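Asks: Sequence first, structure after, both from an experimental entry:
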Amino acid sequence: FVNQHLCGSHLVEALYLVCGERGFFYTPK
Amino acid sequence: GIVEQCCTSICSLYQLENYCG
């Protein structure tokens, strides 16, 4: 599900699903 | 950054995992 254009909340949701318990940082510049 | 690699271009699992903790 990750090999597409992921924007806005959809990108943050992908990070949440992929990273799991590792957490993530979202820095849109 | 992530927007340029995953929103304005096509994302990848490698790129997403670059931002995991």
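Replies: Great, that's in hand. Numbering: from 1, shown residues only, chains lettered A, B, ... in the order given.

Asks: Nearest residue to the spatially most central residue of chain A in space, please, no chain neighbours.
Replies: Most central in chain A under Cα atoms, centre = their mean is residue A:15, positioned 2.4 Å from the mean C-alpha point. In space, residue A:15 comes closest to residue A:24 once its chain neighbours are excluded; the distance is 4.3 Å by Cβ to Cβ, 6 or more residues apart in numbering or on different chains. The C-beta positions use only the backbone N, C-alpha and C, and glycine is treated the same way.

Asks: Give the burial count for that neighbour, as a bare number.
Replies: 19 (other Cβ atoms under 10 Å in any protein chain shown).

Asks: beta partners for it?
Replies: residue B:20 (DSSP bridges).

Asks: For it, give me its contacts.
Replies: Taking Cβ atoms under 8 Å, 6 or more residues apart in numbering or on different chains, we find residue A:24 in contact with A:15-16, A:18, B:19-21.

Asks: PyMOL command to pick out the buried ones of those residues?
Replies: Listed next is the PyMOL selection for buried residues among these, using 16 or more other Cβ atoms under 10 Å in any protein chain shown:
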select buried, (chain A and resi 15+18) or (chain B and resi 19)
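
Asks: Generate a markdown table for the contacts of residue A:24, with distance to residue A:29 as supplementary columns.
Replies: Formatted as a markdown table, the contacts of residue A:24 follow (distance: Cβ to Cβ, whole Å):
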| residue | distance to residue A:29 |
| --- | --- |
| A:15 | 15 |
| A:16 | 20 |
| A:18 | 20 |
| B:19 | 13 |
| B:20 | 18 |
| B:21 | 19 |
